[PDB]
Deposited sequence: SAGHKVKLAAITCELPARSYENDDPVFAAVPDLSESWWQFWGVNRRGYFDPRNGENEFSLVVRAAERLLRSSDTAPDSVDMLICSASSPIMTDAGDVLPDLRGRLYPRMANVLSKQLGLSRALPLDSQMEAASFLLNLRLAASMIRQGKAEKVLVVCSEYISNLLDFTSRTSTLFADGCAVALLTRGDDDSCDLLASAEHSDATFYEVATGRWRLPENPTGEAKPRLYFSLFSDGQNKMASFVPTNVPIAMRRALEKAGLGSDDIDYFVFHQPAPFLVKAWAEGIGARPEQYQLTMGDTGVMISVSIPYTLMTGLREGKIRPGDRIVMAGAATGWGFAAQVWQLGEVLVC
């Protein structure tokens, strides 16, 4: 049982920010304050590939920064775990310079070569919006069992190249990247105390990506009356949190702060209220970034650390839901985290 240290974290957002009234949304059906209130969105970024911004370039930038700042030699990284929800990747840097639009490979193989991570086992995982939690979870098990001493975790969401700016859905989602470093801890000050993950496929078909002619993947909605989940909405996230807390031998009251996925304010609140979290024990961050799929969680974690909401020695719960559907929660005892 080695201790797992969350050592460092950083994010890289798009340079450009877009308001709700921005002309990018001209072909979107007219929307009111009711829509904006409900989803809690004010502004969001989109990558501009013409100014060198994409899923790969911004990760390289963030990862180089984090590695330099945390004094991590590229050679010392034992594993690299990447996620990206879009089925399409767009750039392979200096590694595969001629390759453009692609399905495969995924990021880790390519990124590890680009960064010089000469010992890193590359892995690309998918759990949509919960992928940052999955990746921490994988990293932690490896550290814990002595199979890695340093793990780099990456989530990169370039969703804007797929958004249909004639649709209302386009106003909800946005781009971003996050990178974290996990290490074998020296002392007790940082550890992953417990986690719980579960999935429920009852409503699998409700939100799918499909290849659609005008031609690219698109979001498709399917609801038919012609069964409910074992646990009803909005309890799945709270159930995951309760399981994790029980496994850690803790209660809600033992927790200092909470970090949630950020799909909508009423849903986050519902999750918080389900576990007994008070409004001052978590943040809503979708207002400034939009919904960044897997990147909302780590952006939210980073925000809380940076703003002093989450302090060294705090116990936190991180939790979220994902399409498919999937649910993940983690109970961390945090030490000092380098925000870079």
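Judged by missing C-alpha atoms, the gaps in the deposited chain sequence fall at residues 1 to 2, 217 to 222, 235 to 236, listed in sequence order.
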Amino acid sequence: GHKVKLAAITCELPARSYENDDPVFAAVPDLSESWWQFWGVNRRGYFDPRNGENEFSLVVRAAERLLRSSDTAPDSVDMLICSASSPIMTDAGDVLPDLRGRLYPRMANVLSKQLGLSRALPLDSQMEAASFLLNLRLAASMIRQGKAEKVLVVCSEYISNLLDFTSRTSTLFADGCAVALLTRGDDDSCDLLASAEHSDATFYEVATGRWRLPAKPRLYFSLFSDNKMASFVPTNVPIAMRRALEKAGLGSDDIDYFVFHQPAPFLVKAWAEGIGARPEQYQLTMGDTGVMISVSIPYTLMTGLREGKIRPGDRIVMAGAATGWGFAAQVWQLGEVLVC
From here on, numbers count along this sequence of modelled residues.
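Judged by mean Cα B factor in the deposited record, 253 to 261 ranks above the other of 253 to 261 and 147 to 155.
For the segment pair 158 to 166 and 81 to 89, the entry gives 158 to 166 the higher mean B-factor, averaged over Cα atoms.
The maximum CA B-factor among the listed residues 70, 42, 294, 57, taken from the PDB record, is found at 42.
Highest CA B-factor among 222, 183, 114, 76, as stated in the entry: 222. Sort the chain's modelled residues by C-alpha temperature factor and residue 206 lands in the highest third, per the entry. The entry lists a Cα temperature factor for residue 332 that places it in the middle third of the chain's modelled residues. Per-chain ranking of the deposited C-alpha B factor places residue 226 in the highest third. Annotation for residue 122: C-alpha temperature factor in the lowest third relative to the rest of the modelled chain, per the entry. Sorting the modelled residues of the chain by their CA temperature factor places residue 216 in the highest third.
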